[PDB]
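Protein chains in written order, with the deposited numbering: chain G, 2 to 59, 66 to 74, 98 to 112, 120 to 220; chain C, 236 to 508; chain H, 15 to 148; chain I, 11 to 47. Only one structure is covered here, and it is reproduced in the block below.
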């Protein structure tokens, strides 16, 4: 009948309008996220410069998302799929360093020792391509026991502890910015 | 309705002849046919009862010829022929917005333009419920005064921009500042176009209020008080700055000096608003 | 000729820029950095970073806290959280911050957490006043 | 110092320092630098 085709055509037109509206919203959010990522990417490169120079190689998993190995989730999507910590009411706002500071504080003050770790996050390759990768994360004991750390001057326990706390916070911030832009 | 179908068929032609007397005597006349769908129904019944060959929807083969010979008598006569005019405002009642029906298709193809009234806009309280994107006038800005054409070109462009950007931004928040500016300007213009019943308001007050709409003067007030601005600001320029209106009427347009004067008047009124 | 990277979550100041010398205020004392300085790490304190560009121009940046990483290749990566130019500072707000910090220290009483907050805000207030005056 | 001795990590200290840092800018940069939480 003609009325059934008209109703179906109107429904598909409404679906196309909704998807185009969400495309425009996602385009604005992606432009803002790329504008912030242009600043936040050298900051992450500077944070990774220390680990690149010391060549620390060799657990813990930090799964970045939105709404034996210990896995800590940042976002409701991993809890929907699957839980030491779950971040709720996230993704409606762009990430900041306060969020990365809260995540790193919760990881380090959890009381669970870890030697090596990775940050499972979606790095930004291009506009149409994003790659799920990981960034190595080392604790205080994994850094003090390294071979190259004897070449680094003025290192007591307090300095290295404070350094890995802030370096973890900076790496979580850099992964959050790249994951938000990729998403 | 209690009158016979021949009387309903004849009444538009009787009224057209009465209007054409004024047209041919140098006077100007406006005629309203409310509505031409009832005349087409009456002519369909007469043609069916006269054993004439029907066509689509049992209408005869000359309903188009019926409405075209009715509506071709509205004309602007030459100055050597008197200079008079007859203006036609036919009315078409459609069923569930079916524009593609036979009689609405014929009347749309005959006339010089259409004014679309929307049931959805009427039930939203938007009165008059004129669909701007569907309303066409082929005469266009040639049928306007200088001041009205000057402001309505910018108003039509801004409303077209608002119609383009408000489809995908019904409730979006993370948007550009330009899109939010276009949304705010379109909301001001749409609230400006609303009007009550039985209240025409002359060309001068209309030009003034939509000039205030397009120059960003109403971006600092709530849309719900925009009609209250119409209730007050025009009265202010009717009691404080009559010389500005006199200069506008003398020049016929809005000079940049009058633009500065009106900007100062608007700022002074909004300071006390 | 030292590769001095100075970034923050808000802004990026230098990205592998060649800098003659950087005066970092750290937790191990305010030390200066030159090419091939030493391979140390450091933890920033509320203070002023003085940057000596290759043309001889001297610029100043207030840093709240961050990490300083001088590597073997004479590359320095100071990464504060909120690094601003010292010219973009308010002395009156600094004095108000310091006064409110001392008020919080006095009103802390037996609250050790608010005592630590007051001490930290005292340090930031002193550093802000000295940077604005300096 | 007393920061680590009072069971407070360095990250909380940077948060306290930056929260007392963004307020030292009167005219226009206070709203631009603040990106909420």
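C-beta atoms are modelled at their ideal positions from N, C-alpha and C, and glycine is treated no differently.
When Cβ pairs closer than 8 angstroms are counted between the two stretches, the region 440-454 of chain C is seen not to touch the region 408-415 of chain C, the count staying below three. Put simply, the backbone Cα of residue 37 (chain I) is about 10 angstroms away from that of residue 103 (chain H). DSSP places residue 296 (chain C) outside both helix and strand once states are collapsed to three, so it counts as coil.
DSSP places residue 263 (chain C) in the uninterrupted beta strand (DSSP E) bounded by 263-268. Using a Cβ distance threshold of 9 angstroms, residue 89 (chain H) and residue 19 (chain H) count as a contacting pair.
Close CB contacts of residue 162 (chain G) within its chain, under the 6 angstroms cut and outside five residues either way in sequence, are with 168 (chain order). For residue 431 (chain C), the number of other beta carbons within 10 angstroms of its own is below 16, and it is reported as exposed.
Between the region 111-119 of chain H and the region 33-52 of chain H, the count of C-beta pairs closer than 8 angstroms stays below three; the two stretches do not touch. The DSSP-derived three-state label of residue 20 (chain G) is helix. Not a single CB atom of chain H sits nearer than 9 angstroms to the CB of residue 128 (chain G).
Residue contact check for residue 46 (chain G) against chain C: no CB pair falls below 9 angstroms.
Only those residues of the region 73-101 of chain H whose C-beta falls short of 8 angstroms from the nearest C-beta of chain I are listed: 76, 78, 79, 80, 95, 96, 98. A residue is called buried when at least 16 other Cβ atoms come within 10 angstroms of its Cβ; residue 91 (chain H) meets this threshold and is buried. Residue-level contact by beta carbon fails for residue 47 (chain I) and chain H, as no gap is shorter than 9 angstroms.
Between residue 177 (chain G) and residue 198 (chain G), the beta carbon gap of about 5 angstroms places them in contact (Cβ cut-off 8 angstroms). The three-state reading of DSSP puts residue 36 (chain H) in strand, counting E and B together. At a cut-off of 9 angstroms between beta-carbon atoms, residue 14 (chain I) makes contact with chain G. Contact note: residue 195 (chain G) reaches chain I through 14, using a C-beta cutoff of 7 angstroms and chain order. A contact is defined here as three or more CB-CB pairs under 8 angstroms, and the region 305-316 of chain C meets this definition with respect to the region 242-257 of chain C. Contacts with chain I at 9 angstroms (Cβ-Cβ) do not include residue 28 (chain G). DSSP, read as helix, strand or coil, puts residue 44 (chain H) in coil. The region 122-134 of chain H and the region 49-57 of chain H do not touch, with fewer than three beta-carbon pairs separated by less than 8 angstroms. Within a 10 Å sphere around the beta-carbon of residue 25 (chain I) sit 16 or more other beta-carbons, which makes this residue buried. Taking the C-beta atoms as reference points, residue 145 (chain H) is found no nearer than 9 angstroms to residue 36 (chain H). With respect to chain I, the C-beta atom of residue 116 (chain H) has no partner C-beta closer than 9 angstroms. Residues 32 of the same chain have their beta carbon placed closer than 6 angstroms to that of residue 68 (chain H), with the five preceding and five following residues left out of the count. Taking 7 angstroms as the cut-off between beta carbons, the residues of the region 9-27 of chain G near chain C are 18, 21, 22, 25, 26, in sequence order. In the three-state DSSP reduction, residue 93 (chain H) falls in the strand class (E or B).
Per DSSP, reduced to three states, the secondary structure at residue 320 (chain C) is strand. Residue 315 (chain C) carries a coil assignment under DSSP once its states are collapsed to helix, strand and coil.
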